Amino acid sequence: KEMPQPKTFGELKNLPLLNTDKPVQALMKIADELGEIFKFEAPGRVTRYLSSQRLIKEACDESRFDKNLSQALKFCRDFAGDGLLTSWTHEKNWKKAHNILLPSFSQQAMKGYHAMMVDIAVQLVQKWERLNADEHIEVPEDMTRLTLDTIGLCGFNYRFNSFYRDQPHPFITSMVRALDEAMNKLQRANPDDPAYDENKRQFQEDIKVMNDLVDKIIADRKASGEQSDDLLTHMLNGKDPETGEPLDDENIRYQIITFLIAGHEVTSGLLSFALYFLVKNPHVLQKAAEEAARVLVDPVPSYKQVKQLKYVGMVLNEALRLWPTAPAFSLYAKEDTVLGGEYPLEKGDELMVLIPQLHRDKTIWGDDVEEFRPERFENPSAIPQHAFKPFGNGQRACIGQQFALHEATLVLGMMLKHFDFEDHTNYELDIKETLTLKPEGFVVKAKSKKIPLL
Ligand code: HEM
Ligand SMILES: O=C(CCCCn1ccnc1)N[C@@H](Cc1ccccc1)C(=O)O
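Parameters and conventions
Residues numbered from 1 in each chain as written, not as in the entry; some residues may be left out. Chains lettered and ligands numbered in written order. Heavy atoms only, no water. Near = heavy atom within 4 Å. Polar contact = N/O pair within 3.5 Å; in protein donor to acceptor, adjacent residues only side chain to side chain. Helix = DSSP H or I, 4+ residues; strand = E, 2+ residues; numbered from the N terminus. Nonpolar A, V, L, I, M, F, W, Y, C, P; charged D, E, K, R; others polar. Expected span 1.5 Å × (residues − 1). Buried < 20%, exposed > 50% of the residue type's maximum accessible area, 1.4 Å probe, protein only. Contact = heavy atoms within 4.5 Å. Donors = N, O, S within 2.8 Å, 3.2 Å for Na, K, Ca; no water. Axes fitted to C-alpha atoms, helices over the stretch in contact; angles between N-to-C directions. Parallel < 35°, antiparallel > 145°, perpendicular 65-115°, else oblique. Areas by Shrake-Rupley, 256 points an atom, 1.4 Å probe, with all protein chains shown as cover. Pairing = 2+ DSSP bridges. Core = buried A, V, L, I, M, F, W, Y, C linked by side-chain atoms within 4.5 Å. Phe/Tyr/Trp six-rings, centres within 6.5 Å; stacked < 30°, edge-to-face > 60°. Disulfide = S-S within 2.5 Å.

Method of determination for the deposited model, per the PDB record: X-ray crystallography, at 1.6090 Å resolution.

A few words now on the site of ligand 1. The environment of ligand 1 is formed by 24 residues, the closest being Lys 67, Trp 94, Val 266, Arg 396 and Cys 398. Between ligand 1 and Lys 67 there is a distance of 2.9 Å, counted from an oxygen atom to a side-chain nitrogen or oxygen. Within the side chain of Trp 94, a nitrogen or oxygen atom sits 2.8 Å from an oxygen atom of ligand 1. Tallying contributions element by element places helix α10 (residues 249-280) first for the shell around ligand 1, with six residues. Looking at the shell around ligand 1 residue by residue, the classes come out as 16 nonpolar, six polar and two charged.

Next up on the list: helix α13 (residues 310-322). Taking 1.5 Å per residue as the helical rise, α13 with its 13 residues ought to reach 18 Å, and the 19 Å between its terminal C-alpha atoms agrees with that figure. Taken across its 13 residues, α13 has 11 buried, putting it largely inside the fold. Packing partners of the buried residues in α13 comprise α10, α11 (282-295), α14 (355-358), α15 (362-365) and α16 (401-418).

What the protein offers the iron atom of ligand 1 as a donor is a single atom, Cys 398 (SG), at 2.4 Å. Structurally, the position occupied by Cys 398 is in the loop between α15 and α16.

Here the focus is the packing of α10 against α13. Two numbers describe how α10 lies on α13: the axes approach to 9 Å, and their chain directions differ by 100°. Between α10 and α13, the crossing angle belongs to the class labelled roughly perpendicular. Touching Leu 270, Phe 273, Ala 274, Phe 277 and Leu 278 of α10 are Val 315, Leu 316, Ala 319, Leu 320 and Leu 322, all from α13. For the contact of α10 with α13, the per-class residue count stands at 10 nonpolar, no polar and no charged.

This next bit is on the site of ligand 2. If you check the shell around ligand 2, you find 13 residues, and the closest are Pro 23, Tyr 49, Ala 326, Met 352 and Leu 435. Between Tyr 49 and ligand 2, the recorded distance is 2.5 Å, taken from a side-chain N or O atom to an oxygen atom. Contact with the protein chains covers 89% of the free accessible surface of ligand 2, which is 550 Å². Going through the elements one at a time, α1 (23-34) and α10 are the ones with two or more residues in the shell around ligand 2. When residues in the shell around ligand 2 are grouped by element, the largest group, three residues, is from α1. Each residue belonging to the shell around ligand 2 can be placed in one class, and the counts come to 12 nonpolar, one polar and no charged.

Burial of strand β1 (residues 37-42) is extensive: five of the six residues sit out of reach of the surface. Strand direction decides the pairing type here: β1 and strand β2 (residues 45-50), joined by six bridges, are antiparallel. Looking at the pairing, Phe 40 lines up with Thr 47 of β2.

Take the nonpolar core next. As a rule of thumb, soluble globular proteins bury nonpolar side chains together. Within the largest apolar cluster, 121 residues are counted, with the highest numbers of intra-cluster contacts made by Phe 79, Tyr 113, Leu 260, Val 315, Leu 412, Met 415 and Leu 416. Examining the composition of this core, we find that 15 residues originate from one element, α10, more than from any other. When sequence neighbours within four positions are dropped, the list of residues in contact with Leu 260 reads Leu 148, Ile 151, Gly 152, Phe 156, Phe 160, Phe 171 and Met 175. Membership of the second largest hydrophobic core comes to 18 residues, among which are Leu 50, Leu 331, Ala 333 and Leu 339.

Turning our eyes to something else, we now look at the packing of aromatic side chains. Tallied over the entire structure, the rule returns 20 aromatic pairs. When the centroid spacing of 6.3 Å and the interplanar angle of 25° are considered together, the rings of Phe 160 and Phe 171 count as stacked. A residue pair is termed long-range when its members are at least 10 positions apart, and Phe 160 in the loop between α6 (139-156) and α7 (170-184) and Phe 171 in helix α7 qualify at 11 residues. For the pair shown, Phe 160 and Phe 171 are each scored as buried. For the pair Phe 377 and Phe 388, a centre-to-centre distance of 4.7 Å together with 55° between the ring planes defines the contact as tilted. With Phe 377 in the loop between α15 and α16 and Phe 388 in the loop between α15 and α16, this residue pair connects regions lying 11 residues apart in the sequence. On the basis of relative accessible area, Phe 377 is assigned to the buried category, the value being 10%. The class of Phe 388 is partly exposed, set by a relative accessible area of 21%.

Moving on, we get to the state of the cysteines. A full pass over the atoms with the stated rule returns zero disulfides. This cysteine, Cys 154, is not joined by any disulfide, and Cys 398 carries the nearest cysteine sulfur, 15 Å off. Judged by its relative accessible area of 0%, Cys 154 falls in the buried class. By relative accessible area, which is 36% here, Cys 398 ends up partly exposed.

Here you go:
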């Protein structure tokens, strides 16, 4: 089969199609028009966007396809280095850091992070308890305060103290600005044109800000000798069972930067979309709130109680189905191969997995794919293979999946226990796009149930 291709712009091919505020949503509309696979060309680039479970289940065959660095991840590598997210599978530091960090991200390690997650979650609840009568909540903003502070505390015992600020910590300002520059660079045809000399100069300044703080944090920890229950301690002490080597200080820095750029935005986006769908579906909200009240019987949630928030977990998965906050990942063919019995690929050919469109495959989910129904996730065995991929695939899947879902389940559970929520503006979903997706301008009012935290 000849695969379809969206409209072209002469020598720029398809590139101008991504010169828009909402490129993922533009790609979703193209998939609606062209189907499960389309070619996408830019100067010096060819890829193929996949949208059907039928083809993506083959793309997830690790014997045939390996992780590719998208252009987006290639530009993030300028500050995330050879951290886990922006490393090639064949780089020595990927397998080393992977082996060392897996035990630090397990479901069992969440038991040790739980107290620190509760610390920040309680700060969120207390902020909302302290709002005056007809004040409102800026949801994505507060969720980002929470996830940034949680990763900072669990990552390297550092308090960004985001709930004490209107202006973010200087590291966060530089990180956000570096991510924005990485995403903006996806359109420039003459990078060395002197017109962008200021962007380049600003980009380097933000990189130095992040490195200096993280390098200082590492140096301070080695100088104090203190042992915490954070990822930094595990990385200073861990040894790769395979090579027997530890991570060096440079790679440890890249991992810390990666944890912050990799998990803060996708996780706050998940919480924001989850709360959005809950207030738009009051029957679902009531069911989730009933579970929270039944399970969270103590002033502070325990680790075990979070595991019992089954329906809250399904709410989070259904929010990830409709709006997976990490919207795509990239693959390359390890050898010549045929995709779906119709599209021959040569060794090295690239694929993009368009996750929000995969999750709308009506052959998998039925005709009501746009409806928010957490009950779809009652039984993981009922879900066909590779139909649900918000955390990527295989050995290159999200190492932070357990962390993100424990944090989100804890916080969402506490939110549902302590407040009733009002969609007081009848908010119209508007999805802002960066590296990730989030509902911009989403606001609610939260009326306290007056349940103490002591
Ligand atoms: C809802 C929350 C999250 C979502 C949807 C998500 C999504 C993803 C996806 C799709 C990938 C695969 C990327 C690719 O193949 O190019 C990935 C990888 C990764 N994620 Fe997440 N993530 C989340 C939270 C987190 C958190 C909280 C952390 C750290 C605290 C984290 C750290 C990482 C790392 C290090 C990788 C690279 C793993 C490797 O290749 O070895 N993520 N994530
Ligand atoms: O593929 C990625 C990078 C996604 C990173 C996912 N992620 C987030 C955190 N961890 C992982 N963008 C997609 C979509 C896109 C296209 C143009 C401009 C912006 C976005 C693409 O290039 O087609």
